[PDB]
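Colleague: First the structure, then my questions, so here it is.
Just so it is clear, none of the values below were taken in a lab; they were calculated from the coordinates. Heads up, the Cβs are rebuilt from the backbone with ideal geometry, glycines too, and the neighbour counts pull from every protein chain shown.
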Ligand SMILES: [Zn+2]
C-alpha cells in the first residue's frame, strides 16, 4: 500500500492524487459563499439496534466501522445517499490530526462518514463521478467530559491494536457520533483523501464540533499500530489548494 507522510509522494504510484480538485482543504469561513439553498441535513436510519453487530477493523491507515444497509442521508433535492462506513483521522500525544483545517487551525481529530449516491448500486461505479460519493466530516475537540457514544467504539480499540485485526461491536446510534447542529456546515467538491484520490466527492464539514475527553483522544491516537512496527498516528493528508473552487456555507459565517 501507500503511507502517510512517509514513502515518496503519492502521485508516483497513483497519478490522480495530483489532480486539481483534491481534499482536504483549509476552510476560511469569511470567504465562503453564503448559500441559502443549503438546508439542514436529513438523516434517517442512523439509530441502530444492538443486533446485528457491526464490523470494526484496523486497516493500517485508520479504524473503520462498516455500516449496515438502510442509513439514508439527504444533502438536498436530487442529492440522496446511503451510508457505507465511517473512519477517523487523528494526531499523536499532543499533536492535532484533523484533515480539514479552519483558518489554518488543526483540530485534535476528525470523523468521516462515507456515503454512496442513490444513483449507483456500487462504489466502483461512483468513483470519479460528480456527486457519486459524499462524506460527512466533523471535528473532534477536547471537552471536560467522557463522550458516552464514542466510548462504545474507543473501548474496543485495544482488541484491534494490531494492523489488520478486526472485531464486532453492538449496533449504536451513529448520529450520536456527529454534532447536534445539522444546520451550519460548509460544502465543496473534492476527492478521496487517500489513494486513488478520485475526484467528484461532495464534502460537507459541520461547523459544530464534537467533544471527547482528553483520555478518549489519547486512546484514539495511541492505541493502534500500522504497517511494520509503526504506531498508527498522524494519519491525515496535507491540505490541498482550492484552485479556484468556492467553498459554500449554509449560514452567515466568518463575521468578526
Ligand atoms: Zn477519511
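Colleague: In a loop (DSSP other than H, G, I, E, B), under 21 Å from residue 174 (Cα atoms), within 15 Å of the chain's Cα centre (by Cα) and away from the ligand (no atom under 14 Å from the Cβ) - does that describe any residue in region 108-118?
Modeller: Scanning region 108-118, I find at least one residue that is in a loop (DSSP other than H, G, I, E, B), under 21 Å from residue 174 (Cα atoms), within 15 Å of the chain's Cα centre (by Cα) and away from the ligand (no atom under 14 Å from the Cβ), so the answer is yes.
Colleague: Also, quick follow-up: Cβ-Cβ distance below 6 Å, separation of 6 or more or different chains: which pairs start in region 74-88 with a residue that is under 25 Å from residue 54 (Cα atoms) and end on one that is outside any strand (DSSP E or B) and more than 16 Å from the ligand (Cβ to nearest atom)?
Modeller: So the pair list comes out as 80/118; 83/71.
Colleague: I would also like to ask the following. Within region 1-14, which residues are surrounded by 12 or more Cβ atoms within 10 Å (Cβ to Cβ) and part of a helix (DSSP H, G or I)?
Modeller: 10, 11
Colleague: Tell me which residues, restricted to region 234-252, are buried (at least 19 other Cβ atoms within 10 Å of the Cβ) and over 15 Å from residue 26 (Cα atoms).
Modeller: The answer is 235, 250.
Colleague: Taking residue 52 as meeting all but one of (1) in contact with a helix residue (DSSP H, G or I) (Cβ under 7 Å, 6 or more places away or on another chain); (2) surrounded by fewer than 19 Cβ atoms within 10 Å (Cβ to Cβ), write down the number of the exception.
Modeller: (1)
Colleague: So in region 95-107, with the set limited to residues that are assigned to a loop (DSSP other than H, G, I, E, B) and under 16 Å from the mean Cα position of the chain (by Cα), which one is farthest from residue 233 (Cα to Cα)?
Modeller: Result: 100.
Colleague: A follow-up question, please. Can you confirm whether region 91-100 contains a residue that is closer than 22 Å to residue 132 by Cα, in contact with a strand residue (DSSP E or B) (Cβ under 8 Å, 6 or more places away or on another chain) and either without any contact (Cβ under 8 Å) to a residue 40 or more places away in the chain or within 16 Å of the ligand (Cβ to nearest atom) (or both)?
Modeller: Yes, some residue in region 91-100 is closer than 22 Å to residue 132 by Cα, in contact with a strand residue (DSSP E or B) (Cβ under 8 Å, 6 or more places away or on another chain) and either without any contact (Cβ under 8 Å) to a residue 40 or more places away in the chain or within 16 Å of the ligand (Cβ to nearest atom) (or both).
Colleague: Something else about it: All but one of (1) part of a loop (DSSP other than H, G, I, E, B); (2) closer than 18 Å to residue 157 by Cα hold for residue 65; state the number of the condition that does not hold.
Modeller: Answer for residue 65: the failing condition is (1).
Colleague: Let me ask another. Check 144, 130 and return the single one that is closer than 29 Å to residue 219 by Cβ and either free of Cβ contacts under 8 Å to residues at least 40 places away in the same chain or assigned to a loop (DSSP other than H, G, I, E, B) (or both).
Modeller: 144
Colleague: Being within 12 Å of the ligand (Cβ to nearest atom) and either surrounded by fewer than 20 Cβ atoms within 10 Å (Cβ to Cβ) or within 9 Å of the chain's Cα centre (by Cα) (or both) is the filter here, so list the residues in region 119-143 that pass it.
Modeller: Correct list: 135, 136, 137, 138.
Colleague: Ok, one more. Looking only at region 206-216, decide whether some residue is in contact (Cβ under 8 Å) with a residue 40 or more places away in the chain, buried (at least 18 other Cβ atoms within 10 Å of the Cβ) and farther than 30 Å from residue 35 by Cβ.
Modeller: Scanning region 206-216 turns up at least one residue that is in contact (Cβ under 8 Å) with a residue 40 or more places away in the chain, buried (at least 18 other Cβ atoms within 10 Å of the Cβ) and farther than 30 Å from residue 35 by Cβ.
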